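A.B. asks: For reference, the structure I am asking about is given below.
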Amino acid sequence: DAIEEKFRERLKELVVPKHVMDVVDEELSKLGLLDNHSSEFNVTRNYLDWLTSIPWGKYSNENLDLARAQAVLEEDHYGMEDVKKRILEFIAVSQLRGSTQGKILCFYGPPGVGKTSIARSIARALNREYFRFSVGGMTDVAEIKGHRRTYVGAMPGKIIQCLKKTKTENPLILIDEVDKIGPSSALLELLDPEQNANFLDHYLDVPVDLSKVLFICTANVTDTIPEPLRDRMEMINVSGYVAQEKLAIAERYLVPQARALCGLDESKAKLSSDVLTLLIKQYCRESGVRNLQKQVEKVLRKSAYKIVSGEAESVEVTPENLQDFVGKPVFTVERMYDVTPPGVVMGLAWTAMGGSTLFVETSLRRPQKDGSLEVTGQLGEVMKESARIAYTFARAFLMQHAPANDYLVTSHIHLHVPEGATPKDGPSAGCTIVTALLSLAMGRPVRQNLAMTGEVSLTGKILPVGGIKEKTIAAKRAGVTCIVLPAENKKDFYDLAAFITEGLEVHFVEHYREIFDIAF
Amino acid sequence: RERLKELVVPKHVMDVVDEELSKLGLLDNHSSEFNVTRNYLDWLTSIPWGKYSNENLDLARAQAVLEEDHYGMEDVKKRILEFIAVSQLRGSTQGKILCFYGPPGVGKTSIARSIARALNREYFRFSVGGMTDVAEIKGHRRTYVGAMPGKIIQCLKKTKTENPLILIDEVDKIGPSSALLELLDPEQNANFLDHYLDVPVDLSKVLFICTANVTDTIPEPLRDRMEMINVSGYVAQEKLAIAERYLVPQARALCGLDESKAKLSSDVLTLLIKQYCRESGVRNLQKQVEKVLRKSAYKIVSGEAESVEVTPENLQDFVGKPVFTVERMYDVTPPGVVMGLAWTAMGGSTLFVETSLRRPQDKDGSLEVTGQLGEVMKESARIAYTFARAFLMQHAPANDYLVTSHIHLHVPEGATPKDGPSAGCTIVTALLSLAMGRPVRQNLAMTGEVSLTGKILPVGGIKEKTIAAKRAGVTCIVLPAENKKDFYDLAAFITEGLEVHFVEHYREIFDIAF
Amino acid sequence: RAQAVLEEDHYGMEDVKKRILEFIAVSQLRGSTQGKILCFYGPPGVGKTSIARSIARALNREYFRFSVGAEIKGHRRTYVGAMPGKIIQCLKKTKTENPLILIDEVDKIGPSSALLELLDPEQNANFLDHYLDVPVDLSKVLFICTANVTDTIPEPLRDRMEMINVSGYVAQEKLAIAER
Ligand SMILES: Nc1ncnc2c1ncn2[C@@H]1O[C@H](COP(=O)(O)OP(=O)(O)O)[C@@H](O)[C@H]1O
Ligand SMILES: Nc1ncnc2c1ncn2[C@@H]1O[C@H](COP(=O)(O)OP(=O)(O)O)[C@@H](O)[C@H]1O
Ligand SMILES: Nc1ncnc2c1ncn2[C@@H]1O[C@H](COP(=O)(O)OP(=O)(O)O)[C@@H](O)[C@H]1O
Ligand SMILES: [Mg+2]
Ligand SMILES: [Mg+2]
Ligand SMILES: [Mg+2]
């Protein structure tokens, strides 16, 4: 009949596996006896529509060439050397084996660093089809595994929809916000090399081969990703950008794209490098370039309005007239303390938004039985415990360094981290709290440009802390000249690029007794 | 086929139309399948493909339309004019995602209608604050009985254009965020799939006007990919101008009257603004005006009078006794109480901080904190208490009040939940004024986060706080120095009589207030 | 005479009677009743369902009621039990094109889109039904709706409603109602 011939013509060019062919044959035989007006006829027709639309034997012709792919990758993005190295290794492995292959990757980092744009660029370089869907906040398993034919509203799920859309068995599938998933049990089957080749969808009732599909996941923090799901995929860190990198991105990518978006041209609107530097250092505060893009778009919108209105035939943006386009600076103040009085020590922080600088303030609550420490600043339970440990160690250290100084054992002290409205957690501020307490007790301020991080033990040992790269970037942004780090983080600090640490006087410590000598 | 004559149909919809028509050509009319196929094909043929509304791109006519339709709203008007300029440079229609956030009743919904009129686009509005499901914006599949293609397909159908203006109302109260990401994002808005019909429609040209009351409760991804445009409140004179030019004429026209039958004097509107209403918007003012004009219409029709002039002498005959009989809680502040400013989803408001002795004397002193304060606000109060004690140790070492006396601190809005560190400096001022037995300047307001060493940190909502302060008749205001950008974004007539002080450390505030 | 019949039909609710009297006044001055539709809301048993029948007597219009819970658009014309929407038989039995329509307890609606068709002046005169292939002009009909609560009503419906509250009764008013 016409329907059977249509479905078979849909099926001519595919190299269908034997079991799928048997299923299609039996469903066609079933359709050959049902009446056209039957609802079961509708169900069978809808089923055969999906089975005859899966690209059982079609593969996209990849560009297995290192030079062209490297050119595309380095022309589409700046500074993503880890991701580019991984993709070049993928291409080399595909070329050496002489066949297409699939892998499961995961890009994690602060928002606005380019995790999705790099995935689109990778799909462009590999000549693979591109598809993406978001699992953030997802609570329904049935949108991946599908619903069986019995129910009226059954759908074969996102993976089968992607396979039908892309018409290839080796596309690039981006799963966005895997760390914000509510449902993960379907993903465990979806991306697992032992069972990718036999992924069974409830609607299809027939397995599809997903071994050649290149899965790329996106997240911001790895710890929130489910534990059995974090083990299947490979973690690649897409870290934030330093001011120089952001300036390079703005000059090379952001401004040229926003000019085309606004319809302007280079001769019509010119963005000086000083303007971009000012926008970076005073109109944005982030690890990515997400807000810088919006500021550039605002500047070019104002320029376009000026051109159309006839106020000027061409407009040049200058740090003298930048306020005409974006107003007054948003971040005029970079550091809370230019010079720190006794009792406050500057530290470093790391969050899902990247690295940041924090201060630890201490003061007396009562003039001149026991003493006590009050802690405020929306600090978490871990950081409250860190403050208790730091207070105990400060008492112990001051007992032996200055026996006559009964300040810590008798005085009542309040400790605050001035970012009162922002929740804070982590034990990395223990050494900073110890230093703040000791500086308050001795009445001596610490080195005026020193920053520090590191967990402290009850006996004073300094323990490694995470987020060294983001903390170093924040220190460089804040004008820190000397940074104190745990010795176990030496392997993490020297992995940094030279332009991130060219001006830092770095000290690596094992115990607080030498942090005391460094800071005092 | 006759319905598709002029449409520029996508290449992937004629196959669906042809198969639906071929199926229809063989089914019997009385079958339910025939009826559902008729409905589906009617939906596919009524939905316009490829046609666009003739958006007028005259920066002069649209500027005039926007200025005549609404008072103020300079930022929104500038945004729309520059959008028109960008569209002119591009040479083709375009769409963007805009968000109007501000106190309720300030015109965020009506300014979108004015924008739609100015752009010659079609307009639609739907609310998402009461939405907790996902199927409403995408409908139900044709197999379900009584299925409909959601709301969006209905809009694009009845507007008969591919680039309408869609207002997304009450976004800040999502109960479905990811469903809004897949629509309010230019990376995927170019292909949006409905569930009744699986055809992905192109909505990149659609101008989405988001509407919300406060940004901080909007989910992080949604607020990040849409532009924040602030629609601030109005001072009394702006309210009077809006009422005289827009509210009164509209309420008169909808009631069927004219200027000869009912007249509203400036004094009556001033009384309604100052007493019968207390808000940043004009919604309650509009309701009062409609009530007055409706009672005037009743008087006219009943034959009580041929014409009525509303005057402050007979205003109670229309709106009854005045509500909000007092403009401010304290006219002259006792020593222990200091004026403050607050910002909420309903707009700015003025709060007070009351302190008094809890024990008869004048071991150490203590601070009790009541007034439905939040945890962050309790921490701010503790920091303020510690800093006030430290400051009094150095300003007046003989003053043992703060270090020995037991103090109770209350915020007289005892039933309303309040939170935020912006009242730290107010709390410090209240504690010091109670300790010294001195009242602050009688017409002084202040706000700002305080640190343990006394530094003043920037706070949000400076615009609404200043509007509320001007409403409360304050003459001197203290703000953090980092909020100078936000303060001067206000119109010059708002900050006319306000003596403005920008501070970085509490010593300046102490020198100003005392 | 509208005021007289409102007084004779219901005791108390002097503020409510004043509000409806204002409604007739403004409708008469406008020359037509088309506009915002009245929405009486309040506790159960407070006279909301009857207040509208009293209004219908006051305006000398015919009265009708149907409670929501599509019945608005009926069924397609076939041999299989064809029966169109509720509004048409209202015209059948009221024998006029301008009866008063009471929409009872809008909160319990399951057909919101079909209901909104009647409330839009730009299409209320072009009402279409499944059984009737001909449009019907509902320009002259008058709508009043009632609800126990206003928050849970459909959002596209709420903005079209002009909320009128019924404040309940006091012991003396309840005694008068019981006696009379
Ligand atoms: N290193 C880079 N080189 C070029 N463009 C970049 C770079 N980093 C970010 N961008 C730009 O910033 C934008 C980031 O958006 P997106 O990648 O969707 O956010 P996220 O990184 O949070 O997923 C992209 O449009 C991209 O063009
Ligand atoms: N600046 C203004 N100029 C003219 N009319 C205004 C202005 N602000 C508010 N209005 C009027 O107030 C009425 C209600 O405003 P609304 O759109 O509900 O505000 P919101 O969208 O913030 O709730 C509108 O009909 C509008 O005409
Ligand atoms: N003010 C009143 N005067 C006379 N009868 C009343 C009054 N209020 C309520 N009733 C009586 O209460 C009965 C039921 O009220 P009903 O209208 O069903 O309440 P609801 O407003 O909840 O629908 C009616 O039959 C009516 O006669
Ligand atoms: Mg992304
Ligand atoms: Mg509104
Ligand atoms: Mg009832």
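Residue numbering restarts at 1 in every chain; chains get A, B, ... in the order shown in the structure tokens, and ligands count up from 1 in that same order.
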Hey, what's within 8 Å of residue 26 in chain C if we count only C-alpha atoms and toss same-chain stuff fewer than 3 positions away? As a VMD selection string, please?
C.D. replies: (chain B and resid 255 to 256 294 297 to 298 301) or (chain C and resid 22 to 23 29 to 30)
A.B. asks: Please write the residues from the selection above to a file, keeping N, CA and C atoms, as a PDB file, in the first residue's frame.
C.D. replies:
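Output file again_10.pdb is given in full below:
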ATOM      1  N   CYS B 255     -16.830  56.128  32.425  1.00  0.00           N
ATOM      2  CA  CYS B 255     -18.112  56.327  33.086  1.00  0.00           C
ATOM      3  C   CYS B 255     -19.132  57.039  32.207  1.00  0.00           C
ATOM      4  N   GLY B 256     -18.751  57.452  31.000  1.00  0.00           N
ATOM      5  CA  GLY B 256     -19.683  58.097  30.099  1.00  0.00           C
ATOM      6  C   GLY B 256     -19.908  59.570  30.336  1.00  0.00           C
ATOM      7  N   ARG B 294     -17.989  57.590  39.530  1.00  0.00           N
ATOM      8  CA  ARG B 294     -19.171  56.736  39.501  1.00  0.00           C
ATOM      9  C   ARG B 294     -20.267  57.279  40.408  1.00  0.00           C
ATOM     10  N   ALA B 297     -21.750  60.134  38.590  1.00  0.00           N
ATOM     11  CA  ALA B 297     -22.689  59.660  37.579  1.00  0.00           C
ATOM     12  C   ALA B 297     -24.017  59.263  38.207  1.00  0.00           C
ATOM     13  N   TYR B 298     -23.970  58.600  39.364  1.00  0.00           N
ATOM     14  CA  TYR B 298     -25.206  58.244  40.056  1.00  0.00           C
ATOM     15  C   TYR B 298     -25.991  59.491  40.442  1.00  0.00           C
ATOM     16  N   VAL B 301     -27.585  60.944  37.122  1.00  0.00           N
ATOM     17  CA  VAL B 301     -28.710  60.196  36.564  1.00  0.00           C
ATOM     18  C   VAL B 301     -29.918  60.262  37.490  1.00  0.00           C
TER      19      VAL B 301
ATOM     20  N   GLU C  22     -25.388  52.499  41.491  1.00  0.00           N
ATOM     21  CA  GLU C  22     -24.359  53.201  40.733  1.00  0.00           C
ATOM     22  C   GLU C  22     -24.099  52.515  39.399  1.00  0.00           C
ATOM     23  N   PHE C  23     -24.110  51.178  39.386  1.00  0.00           N
ATOM     24  CA  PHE C  23     -23.890  50.459  38.132  1.00  0.00           C
ATOM     25  C   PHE C  23     -24.978  50.764  37.105  1.00  0.00           C
ATOM     26  N   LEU C  29     -26.134  56.193  31.732  1.00  0.00           N
ATOM     27  CA  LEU C  29     -25.477  57.386  31.213  1.00  0.00           C
ATOM     28  C   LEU C  29     -24.599  57.053  30.013  1.00  0.00           C
ATOM     29  N   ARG C  30     -23.948  55.887  30.031  1.00  0.00           N
ATOM     30  CA  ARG C  30     -23.169  55.448  28.880  1.00  0.00           C
ATOM     31  C   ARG C  30     -24.045  55.075  27.692  1.00  0.00           C
TER      32      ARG C  30
END
A.B. asks: Can you tell me, as a VMD selection string, what residues are no more than 8 Å from residue 131 in chain C when counting only C-alpha atoms, ignoring any on the same chain fewer than 6 positions away?
C.D. replies: chain C and resid 74 to 77 82 to 84
A.B. asks: Would you write out, as CSV, a table of all residues in chain B that have an atom no more than 6 Å from an atom of chain A, listing for each the closest atom pair and the distance in Å to one decimal, considering only C-alpha atoms and ordering rows by chain and rising residue number?
C.D. replies:
residue,atom,partner,partner_atom,distance
B:82,CA,A:305,CA,4.9
B:85,CA,A:305,CA,5.1
B:86,CA,A:262,CA,5.6
B:89,CA,A:263,CA,5.3
B:90,CA,A:263,CA,4.9
B:386,CA,A:365,CA,5.5
B:451,CA,A:418,CA,5.4
B:485,CA,A:328,CA,5.8
A.B. asks: Which chain C residues are at most 12 Å from chain B (counting only C-alpha atoms), as JSON, numbers by chain?
C.D. replies: {"C": [1, 2, 3, 18, 19, 20, 21, 22, 23, 24, 25, 26, 27, 28, 29, 30, 31, 32, 33, 34, 35, 36, 70, 71, 73, 74, 75, 76, 77, 78, 79, 80, 81, 82, 110, 111, 112, 113, 114, 122, 123, 130, 151, 152, 153, 154, 155, 156, 157, 158, 159, 162, 163]}
A.B. asks: Take the residues from that selection and put them in a file with C-alpha atoms, as a compact mmCIF listing (two decimals), in the first residue's frame.
C.D. replies:
# COMPACT_ATOMS: atom_id res chain seq x y z
CA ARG C 1 -38.25 51.31 40.62
CA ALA C 2 -34.96 49.39 40.49
CA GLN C 3 -34.17 50.67 43.99
CA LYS C 18 -25.77 51.51 46.45
CA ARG C 19 -23.06 49.87 44.35
CA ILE C 20 -25.54 48.20 41.97
CA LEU C 21 -27.56 51.43 41.76
CA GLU C 22 -24.36 53.20 40.73
CA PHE C 23 -23.89 50.46 38.13
CA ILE C 24 -27.31 51.07 36.54
CA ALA C 25 -26.68 54.82 36.70
CA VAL C 26 -23.35 54.59 34.86
CA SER C 27 -24.72 52.08 32.34
CA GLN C 28 -27.70 54.33 31.59
CA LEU C 29 -25.48 57.39 31.21
CA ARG C 30 -23.17 55.45 28.88
CA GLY C 31 -26.20 54.36 26.85
CA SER C 32 -25.20 50.69 27.06
CA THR C 33 -24.37 48.08 29.70
CA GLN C 34 -21.29 46.85 27.82
CA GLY C 35 -18.10 47.18 29.85
CA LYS C 36 -16.68 45.67 33.03
CA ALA C 70 -17.21 22.08 26.68
CA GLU C 71 -20.69 22.88 27.99
CA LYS C 73 -19.39 25.31 23.33
CA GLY C 74 -21.64 22.23 23.39
CA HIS C 75 -21.13 19.37 20.95
CA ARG C 76 -20.52 19.14 17.21
CA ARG C 77 -23.59 18.73 15.01
CA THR C 78 -23.87 15.00 14.29
CA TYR C 79 -26.41 12.22 14.61
CA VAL C 80 -24.60 11.41 17.88
CA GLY C 81 -26.35 13.40 20.59
CA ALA C 82 -25.81 16.88 19.16
CA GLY C 110 -12.12 23.20 35.20
CA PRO C 111 -13.02 25.96 29.11
CA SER C 112 -11.55 29.29 30.21
CA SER C 113 -10.72 30.24 26.62
CA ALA C 114 -14.32 29.71 25.50
CA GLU C 122 -14.70 42.68 20.00
CA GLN C 123 -15.93 39.07 19.65
CA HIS C 130 -20.19 23.93 17.39
CA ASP C 151 -7.38 34.65 44.49
CA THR C 152 -7.78 31.23 42.87
CA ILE C 153 -9.85 32.45 39.89
CA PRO C 154 -8.19 32.26 36.44
CA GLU C 155 -5.79 35.15 35.93
CA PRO C 156 -7.15 36.09 32.45
CA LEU C 157 -10.58 36.23 34.10
CA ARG C 158 -9.60 38.22 37.20
CA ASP C 159 -8.38 41.31 35.33
CA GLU C 162 -14.74 44.52 38.84
CA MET C 163 -14.71 43.08 42.35
A.B. asks: Using CA of residue 369 in chain A and CA of residue 432 in chain A as the two end points, give the distance in Å to one decimal.
C.D. replies: 27.2 Å
A.B. asks: Taking the DSSP assignment computed from this structure's backbone, write out as a ChimeraX atom specification all residues of range 3-65 of chain C that belong to strand (DSSP E).
C.D. replies: /C:37-41,63-65
A.B. asks: Determine, counting only C-alpha atoms, which protein, DNA and RNA residues have an atom within 7 Å of an atom of residue 95 in chain B; residues of the same chain fewer than 2 positions away are not included. Present the result as a short mmCIF file (atom, residue, chain, number, x, y, z; two decimals) with C-alpha atoms, in the first residue's frame.
C.D. replies:
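Result file follows (selection08.cif):
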data_model
loop_
_atom_site.label_atom_id
_atom_site.label_comp_id
_atom_site.auth_asym_id
_atom_site.auth_seq_id
_atom_site.Cartn_x
_atom_site.Cartn_y
_atom_site.Cartn_z
CA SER B 204 13.03 35.47 17.33
CA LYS B 205 11.23 38.59 16.07
CA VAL B 206 8.83 38.65 19.04
CA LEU B 207 9.45 41.44 21.56
#
